[PDB]
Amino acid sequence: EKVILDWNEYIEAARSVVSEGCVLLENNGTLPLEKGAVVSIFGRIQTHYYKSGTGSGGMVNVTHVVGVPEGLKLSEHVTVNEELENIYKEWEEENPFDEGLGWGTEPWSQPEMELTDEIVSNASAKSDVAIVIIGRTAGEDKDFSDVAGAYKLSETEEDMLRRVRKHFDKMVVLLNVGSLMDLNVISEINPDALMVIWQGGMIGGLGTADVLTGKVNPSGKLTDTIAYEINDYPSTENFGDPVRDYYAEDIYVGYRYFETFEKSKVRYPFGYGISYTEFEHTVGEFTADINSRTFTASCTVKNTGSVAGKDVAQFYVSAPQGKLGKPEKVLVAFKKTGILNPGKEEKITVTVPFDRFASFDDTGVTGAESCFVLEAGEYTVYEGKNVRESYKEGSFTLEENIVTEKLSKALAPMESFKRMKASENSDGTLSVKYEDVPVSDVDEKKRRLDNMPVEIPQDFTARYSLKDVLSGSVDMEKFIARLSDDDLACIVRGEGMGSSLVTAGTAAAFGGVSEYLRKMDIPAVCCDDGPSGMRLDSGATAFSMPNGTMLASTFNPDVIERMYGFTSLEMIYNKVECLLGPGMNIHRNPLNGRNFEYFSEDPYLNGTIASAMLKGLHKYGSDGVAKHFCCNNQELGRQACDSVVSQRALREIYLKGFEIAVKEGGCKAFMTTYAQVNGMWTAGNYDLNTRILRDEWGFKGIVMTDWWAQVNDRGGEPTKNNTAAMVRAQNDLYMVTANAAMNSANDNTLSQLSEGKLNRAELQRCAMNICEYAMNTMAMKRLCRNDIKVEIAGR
């Protein structure tokens, strides 16, 4: 069976995402740019558009990048001041773009060109409007930093902006950035318009020109809260320490903290974004259904301005403080309108199950320790344009607690620390107090022994194929019998990077990594980075898509899912079965370097966007790998850092997005972290990989390590070859080893199995996970000769 991947529709799908994810923050009418106008473009970064951040999720090779000057010219709606372009081009020949010396050594920004009264004054005389581009990038292993040239403007950048401001009376500022930066000094200089354009991949400039020229009306929204100062953020106090960080802010991350305790410290709230038109949000019908555990809220959005556009209806719940304490508001639903013509309107209706605003009782004060619960009291629903400007939509009251789900004491902290508590002063204001987090009392050895899987007796005369499991002819248990201990120790190894069993230049192969495993019709399954498109270290080119933060700012799961439906076909064309994405760690602090390839400070949005990306990839049978599970919110010291975090914060915030990816996204593959969560490495954590992921959420799939990650037993020394610890946790795949069949890493699987410290049943459990995954991949279909063939058209 054969299928066309139309490259022009793929470009157009990516172009729509860029055009729905730019976020307009301020505008006095200077945008959109007027038909026929001539624009002077400032900032040297205009010649080297940041299409992505740095590291594993930003090494997509491409033939050409459409930056902002080029996209504007191709609009045929404005012209660019070409003299000023030549000044930049000629200057850049003496001061070339610094690409850096290696891996995480490419700098945050480039040194800016100093401008003269002369150059700027002359540009003004020959153009109607200035556009100033400020550029920042970031990524793996370098955290962003509160210094000039990083979170702050450099002195020459600030100079550039002041000169431009003085000599032009129409001034637009674009931030070509992976993550948020300081807007204090920008807002003070006071440009006519300010827009965040993120990093849009290889067609960024096409979609950015669309919004700048009014062909598309900006409809993007912030996925984080922009505070006035870095010290205003609740996590800053406890972030950036390479050894250990205490998550004292607990569930009060981002807008959960600011809307609750510190409204005045917010410059732009979560969900904020404007348009070239204006919208009226009118509250509608509200009903609750306590027995179904849902409510239904309606509202109507009307376009009250002079140009067509989209807006986002955002719904929030205020839970009763009760005994646990709650944030003032939590996001539970959102819906972006179609394009609405002036004076037209759309009725928006959402149905919200109660589990979206439940709370996890980790202390037992509700009488339901280790449960998601709805405390007794009044639930108020709000609807609006953002979290601040959201208004009463409905309410209901519960006389008794409702227990939404019975879970267990899992992944609890091994030491005491103080966490934030919402305490209501007698005038009803909420203030920050601190309370002790209770220490874990789980006997981990017993838990592992009590839930030990049953061994399957080996049988080497049974020549059943994995094809026979797929057909239905035999049970998976019947097939797995055939695997020797050599085969079992081999199948839990990933081979890479650049294994010759799969497409050159990809991250790994797994499944059929020996001749003996391949004889069983276990196919070799190919993994490759990354969320923003295929990284091929062979140099082959692929589609470079917008960064994750820009994806999230669309607030539009359908536009994201359409794009990744094309990426689904591109993967099959390149014989890549598993894309290492989405990255979906929470934005705990603005200064985390990898924030660019993650989505939000909110877990509902974070999970909903991840799921959209996955539904895209699943369209033609490809797949994604959710990463990094969990609490990789910091790049500094990430090989050993210890995130010390409560169960409630874990269940409601850090794990919740991943939970949604499993239950709504259909996620079948997860990747663990390089670091520690509550006193041991994630790759060998039983509570994470078996208790929560499998027993509690019902995940049926594979877990894999991060690349060359360390693993340990609790209390023990970390090593890159303790695969027995990994298998005891049901982390199924060590990624990666140069040669798996020869045990190139000298792992301890077999030695620990002879000593009885690893049970055969545990290896067989991993092998059944690997095989059941592998048989539903496109690589299995190739063996069966029933796979999709892809041809590329429009080139």
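A residue's number is simply how far along the shown sequence it sits, counting from 1.
Visitor: So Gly104 is built in this one, but is it left out in a third or more of the other compared PDB entries that include its neighbours?
Guide: Counting only entries that model residues on both sides, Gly104 is unresolved in at least a third of them.
Visitor: Averaging only over Cα atoms, indicate whether 649-657 or 423-431 has the higher B-factor in the PDB entry.
Guide: It is 423-431 that shows the higher mean C-alpha B-factor.
Visitor: Of the two stretches 212-220 and 82-90, which shows the higher Cα B-factor on average in the entry?
Guide: Going by the record's values, the stretch with the higher mean is 82-90.
Visitor: Of the choices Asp459, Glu259, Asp528, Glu375, which one's C-alpha carries the largest B-factor in the record?
Guide: The C-alpha B-factor peaks, among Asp459, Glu259, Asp528, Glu375, at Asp459.
Visitor: Kindly indicate the residue among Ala507, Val559, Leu466, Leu688 with the greatest C-alpha B-factor in the PDB record.
Guide: Comparing C-alpha B-factors across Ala507, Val559, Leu466, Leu688, the maximum falls on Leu466.
Visitor: Could you tell me which third, lowest, middle or highest, the C-alpha B-factor of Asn769 occupies within its chain?
Guide: Within its chain, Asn769 is a lowest-third residue by C-alpha B-factor, going by the deposited values.
Visitor: Relative to the other modelled residues in the chain, which third contains the C-alpha temperature factor of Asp486: lowest, middle or highest?
Guide: Within its chain, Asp486 is a highest-third residue by C-alpha B-factor, going by the deposited values.
Visitor: Ranking the modelled residues of this chain by C-alpha B-factor as given in the entry, is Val283 in the lowest, middle or highest third?
Guide: For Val283, whose C-alpha B-factor we compare with every modelled residue in the chain, the answer is the highest third.
Visitor: Within this chain, which third does the Cα B-factor at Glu26 fall in: lowest, middle or highest?
Guide: Middle third of the chain for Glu26's C-alpha B-factor.
Visitor: C-alpha B factor of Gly679, ranked within the chain: lowest, middle or highest third?
Guide: Answer is middle: the recorded C-alpha B-factor places it there.
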